[PDB]
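Coordinate analysis (summary)
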Amino acid sequence: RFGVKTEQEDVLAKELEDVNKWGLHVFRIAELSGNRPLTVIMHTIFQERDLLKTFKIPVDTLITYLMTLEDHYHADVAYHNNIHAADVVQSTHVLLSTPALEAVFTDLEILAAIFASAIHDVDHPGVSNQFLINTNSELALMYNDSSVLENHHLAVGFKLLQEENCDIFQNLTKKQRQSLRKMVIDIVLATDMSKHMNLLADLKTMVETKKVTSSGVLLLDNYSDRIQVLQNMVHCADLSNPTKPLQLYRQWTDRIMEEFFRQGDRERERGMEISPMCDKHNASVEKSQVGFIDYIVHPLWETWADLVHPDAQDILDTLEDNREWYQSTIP
Ligand SMILES: COc1ccc(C2=NN(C3CCCCCC3)C(=O)[C@@H]3CC=CC[C@H]23)cc1C#CC(N)=O
Ligand SMILES: [Mg+2]
Ligand SMILES: [Zn+2]
């Protein structure tokens, strides 16, 4: 009430002490912040990594842009909302400080990875690309049916810099901006699951040929490799829910299932084929999660864990324990 925080902001601040740890209580932060998890977590991270001084970002501009970006995630969407954005941001933030990547990435690469995490699902309508395509939506027309959502996410994330007092990149040189931008685009476009197999194939190829001079940190000596790692990093963060403590993981599963079932309901009532996993009448959440883990998340994370051996061991362990838990609850 002029000077010091309210009691609610103090509780927020104490939760925010876990910002560098896997399994931050992100839902509690959403509650405590007045549904501003993305704004507060991004601001804490930016401070912690000293990104405001390094890139000469005025603080009011950062807050303004963050609030604006957060306002363009849909509160009526159960999974692909600002809490998910905040979790992928915070998850990418943890992955960036992994010991095997110490001093590997520049401040600009770190910025790109964080900013990309923040915008990666903005303005998500809670239905899939295929749904947008099959309905003939304007978004699908604009993007020629190709990575419709992910293209839209980028375009919105950047467009919003143009609102009043929102250009957080106003003090970067053109050279910094062009490089930031290319990285952010490459990162976000790689979040489309249709790219998953190729991304995973290339990450394996990198783990086969991996080099490691001086300390024990990875050697990445060209753009193609540096960007791959960043892309896989944010892709791991995006696919991190099953690696979190179970209480968190289940909240995410509840939410994704609600969103998917909602789409299935829209699909039914319109007489469309029901998309896989979206039919509330023919669901096994437990089988589905075990298959997601076995076909998608475990192969990716096991490969990530090889790249940065042994830094991801506890994350892989938690994933395997969660997978057993779900396997044991199968009817
Ligand atoms: C915590 O659970 C989940 C969390 C996330 C996802 C995601 N799936 N996919 C696709 C869906 C179609 C099959 C092809 C692979 C995965 C997405 O495109 C989403 C958007 C971006 C990345 C991954 C997202 C699924 C589940 C689940 C499940 C369950 N049926 O139990
Ligand atoms: Mg997405
Ligand atoms: Zn996402």
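Moving on, we come to unusual backbone geometry. Residue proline 310 is reached from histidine 309 by a cis peptide bond, and omega for that bond is 0 degrees. Tracing the backbone through its elements, the reader meets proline 310 in the loop between α15 (285-307) and α16 (313-328). The backbone phi angle of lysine 56 is positive, close to 50 degrees, even though this residue is not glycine. Looking at where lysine 56 falls in the secondary structure, it is placed in the loop between α4 (51-54) and α5 (59-71). What makes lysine 56 exposed here is its relative accessible area of 53%. The residue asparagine 144 is not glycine, and still its phi comes out positive at about 45 degrees. Mapped onto the elements of the fold, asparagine 144 is located in the loop between α9 (138-142) and α10 (148-159).

Checked against the element boundaries, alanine 118 lands in helix α7 (residues 107-119). Counting along the chain gives 28 residues from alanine 118 to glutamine 90, while the straight-line C-alpha distance between them is 9.2 Å.

What follows is about the UniProt feature "binding site: 3',5'-cyclic AMP" in the chain. Annotation from UniProt places "binding site: 3',5'-cyclic AMP" at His80, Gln289 and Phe292. Summarising the element assignment, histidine 80 is placed in the loop between α5 and α6 (82-96). Setting aside its immediate chain neighbours within four residues, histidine 80 contacts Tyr73, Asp121, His124, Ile256 and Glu259. Among the polar contacts made by the side chain of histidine 80, one reaches the side chain of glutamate 259 at a distance of 2.6 Å. Relative to the assigned elements, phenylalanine 292 resides in helix α15. Those residues in contact with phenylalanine 292 that sit more than four places away from it in its chain are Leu239, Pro242 and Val297.

Moving on, we come to the coordination of the zinc ion (ligand 3). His84 (NE2), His120 (NE2), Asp121 (OD) and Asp238 (OD) make up the full set of protein donors to the zinc ion (ligand 3), lying at 2.1 to 2.2 Å. Viewed at the metal, the four donor atoms of the zinc ion (ligand 3) are separated by angles of 85 to 168 degrees, and the geometry they form is irregular. Going along the chain, you hit the donors of the zinc ion (ligand 3) in the pattern H-x35-H-D-x116-D. Here the zinc ion (ligand 3) and the magnesium ion (ligand 2) are spaced 3.7 Å apart, and both take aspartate 121 as a donor. Placement of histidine 84 in helix α6 and of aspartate 238 in helix α13 (residues 223-238) is noted, with a sequence separation of 154 residues between them. On the basis of relative accessible area, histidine 84 is assigned to the buried category, the value being 1%. You can call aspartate 238 buried: its relative accessible area is 14%.

Parameters at a glance
- Along every chain, residue numbers run from 1 in sequence order, not necessarily as the entry numbers them; residues that have no coordinates are omitted.
- Key to labels: chains lettered from A, ligands numbered from 1, both in the order written.
- Only hydrogens and water are set aside when side-chain values are computed; all heavy atoms of the structure are taken into account.
- We count a stretch as a helix when DSSP gives it H or I for four or more residues in a row; a strand needs E for two or more, and each element gets its number in order from the N terminus.
- Accessibility here uses a 1.4 Å probe with only protein chains present; expressed as a share of the type maximum, an area under 20% marks a residue as buried, one over 50% as exposed, and anything in between as partly exposed.
- UniProt positions are given in the numbering used here, feature names are shortened, and annotations may be inferred rather than shown by experiment.
- Residues count as neighbours in contact if any of their non-hydrogen atoms are within 4.5 Å of one another.
- Polar contact is defined as a pair of N or O atoms within 3.5 Å, subject to the rule that within protein one atom must be able to donate a hydrogen and the other to accept it, and that residues adjacent in sequence are counted only when both atoms are side-chain atoms.
- The rule for donors is simple: an N, O or S atom within 2.8 Å of the metal counts, and for Na, K and Ca the reach is 3.2 Å. Water is not among the atoms, so a site may look short of donors.
- Each label reflects the angles at the metal, where four donors whose angles all fall between 85 and 135 degrees are tetrahedral, four or six donors whose opposite pairs open beyond 155 degrees and whose other angles stay between 65 and 115 are square planar or octahedral respectively, and the rest are irregular.

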